[PDB]
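Okay, so here's the structure we're looking at.
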Number of protein chains: 2
Amino acid sequence: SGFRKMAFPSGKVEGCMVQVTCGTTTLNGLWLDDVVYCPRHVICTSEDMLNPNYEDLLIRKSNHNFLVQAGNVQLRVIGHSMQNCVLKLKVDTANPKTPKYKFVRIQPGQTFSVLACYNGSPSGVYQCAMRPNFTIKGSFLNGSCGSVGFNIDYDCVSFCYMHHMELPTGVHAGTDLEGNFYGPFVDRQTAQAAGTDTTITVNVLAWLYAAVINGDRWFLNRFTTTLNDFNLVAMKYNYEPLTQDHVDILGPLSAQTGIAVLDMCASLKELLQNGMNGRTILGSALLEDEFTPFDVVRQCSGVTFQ
Amino acid sequence: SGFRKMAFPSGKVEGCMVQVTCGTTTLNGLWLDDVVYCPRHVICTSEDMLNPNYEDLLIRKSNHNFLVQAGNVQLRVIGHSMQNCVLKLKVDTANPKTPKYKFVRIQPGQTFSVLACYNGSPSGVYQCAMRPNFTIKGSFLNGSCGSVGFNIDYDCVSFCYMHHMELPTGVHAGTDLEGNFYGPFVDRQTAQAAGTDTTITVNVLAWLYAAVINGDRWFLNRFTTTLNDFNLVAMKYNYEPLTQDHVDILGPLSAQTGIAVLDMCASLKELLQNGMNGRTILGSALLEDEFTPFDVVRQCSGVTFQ
Ligand SMILES: O=C(c1cc(=O)[nH]c(=O)[nH]1)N1CCN(c2ccc(Br)c(Cl)c2)CC1
Ligand SMILES: O=C(c1cc(=O)[nH]c(=O)[nH]1)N1CCN(c2ccc(Br)c(Cl)c2)CC1
């Protein structure tokens, strides 16, 4: 038992991280097969950041302008292209540690692990959620661009995020691995703001089920509510509305605890209207919304990865 | 910027995890050079768990009673011995992925990363602290025994924890890699209880410095206190006393923020006596004590690992 913010083991990804230098700018790249992927803003200088024309900037570059290092080994760049906001550097050597992988775009509310890197070298791993406003609340310092987010499905790494920038409010923004930005952001050093965030309701419910599994039951009650009655209260507190699809997803947790979803919604309704009154749930004094139903099952039932 | 519960990258450890079977009992082992380390209670059956005599139990075993699997490859056990509460299985093949490593015993209040494993296969990584009562608040299911805790110093893995059991209160207990139990626990299925836990004061202060670095300043004030005045209040709230050694350790964070340690102690004194009044610090409504001063520096200043 117990419940922790658990990340995926990062070994399969650590062997793919490289350092990419263009001019006086260095950041991280992702080396799969014979391609290195990195944020295209590595080709910007100080004069270009405010309003870059990436097509012009890229045509003025040659392969030898790009220095790629995998530890000590230097990778020779034999070609380069741009795919949306990502630069694809073709190199002469295919990464022998290339895992089975795919590129997936995730949805708001889903979670993934982040491998924070500096100078191509892995620094730490942590779990986060894609927020409803398409930002993530990450932890990144200067030099972290090109760090990736991933999930592990069986033996397959699903890459879903590459880090590009920090917004003024301290939250982070990036792209999928096809270079399409999550959210209405662009890779230029202008003043961009995220929209208002909301709380991920289906995740809060999954976490309340994790609490019950771990012996925290004080917030339960005998009432029940309807989907429309709950959603009417949730709207008032900046909570995402709950759909029938969310109810079915919570099914396995309802069965393991014998507590129906709509029963749990009534408990959440009370917690929203009255607060926790100095009591905690799973060691938190706030409602946690960065665990999906699958995260809870994986940690409260058990799923390993070969 | 940002602040997350960050674990160390686990790749170097994932290549050392193996499955160890003795009879109908399977758990995880740590394979370094030509030795596999695992909890000695793998040699217990149902009749032995209540009052095991491990010397008798071990003499009745031969090398062929121990099945060790590294993925698919079977490792031939050519010898076995017992070191305190750990079994050392000598195998015919040295692990070629053996990293530079050492065995260290950590102190209460220090943090480490846990690689949770099932059937020799890594499942997740998370950060935790050794509590003042020598337990950890982990997340472990049936089959997790032999999972290890570690820190990474430069390129060296310092192994500090091997998981042995869950106590009745839901917290976890284990040994260092020499097989010496952290705390007054023994590997028998009797009713053992942890002593009362206290809050790790130097860690709370480090976290308040992380908050200031990340722009949370509402709890600051202009007062100052003495070490003895603070400790008098901290004792009342089940907080570890603060020593001059703790003050020096916090030095780098005091310098980066310009806020003296004793100034921060006065803020903490107020937070203990008045509460947070519905306000949060770094997204928490409770005082967090599982980040050391070094954790904060590493995340709020930057340290990678080759
Ligand atoms: O490495 C970091 C960084 C990431 C982070 O999350 N937090 C932090 O403090 N620093 N930066 C800032 C973004 N930057 C950047 C350069 C050109 C363009 Br065009 C754009 Cl859009 C961004 C590259 C360097
Ligand atoms: O795998 C787990 C486990 C760990 C955990 O943390 N949580 C959980 O639920 N299960 N166990 C329980 C301990 N057990 C065990 C066997 C013999 C002896 Br003698 C002792 Cl002392 C313990 C081996 C099997």
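Counting starts with 1 at the first residue shown.
We read in the header that X-ray crystallography, 2.0 Å was used to get this structure.
Just so it is clear, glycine is given a Cβ too, placed from its N, Cα and C backbone atoms.
Quick look at what Swiss-Prot annotates:
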type	residues	note
ACT_SITE	A:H41	active site, for 3CL-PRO activity
ACT_SITE	A:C145	active site, nucleophile
CROSSLNK	A:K5	ubiquitin cross-link
CROSSLNK	A:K90	ubiquitin cross-link
DOMAIN	A:1-306	domain 'Peptidase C30'
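Feature map: annotations from Swiss-Prot on the structure.
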residue : record                            : DSSP class
A:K5    : ubiquitin cross-link              : coil
A:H41   : active site, for 3CL-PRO activity : helix
A:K90   : ubiquitin cross-link              : strand
A:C145  : active site, nucleophile          : coil
Handout entry: Cα distance (Å, whole number) from the residue listed as 'active site, nucleophile' to the residue listed as 'active site, for 3CL-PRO activity'
Key = 9
Problem - Residue among recorded positions A:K5, A:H41, A:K90 with least C-beta crowding, 10 angstrom cut-off - result: A:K90
Fill in the blank from the handout: Chain B interface subset of recorded positions A:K5, A:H41, A:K90, A:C145, CB distance under 8 A, sequence order, none if empty, is A:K5
Practice task
Measure from each Cβ of the recorded positions A:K5, A:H41, A:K90, A:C145 to the atoms of ligand 1 and list the residues where some distance is under 6 Å.
Solution key: A:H41, A:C145
Completion exercise
the residue listed as 'active site, nucleophile', Cβ-centred 10 Å count of other Cβ atoms over all protein chains shown, is 25
Completion exercise
Integer Å value for the Cα distance linking the residue listed as 'active site, nucleophile' with A:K90 (ubiquitin cross-link) is 19
Completion exercise
One should report the C-alpha separation between A:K5 (ubiquitin cross-link) and A:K90 (ubiquitin cross-link), rounded to whole angstrom, as 36
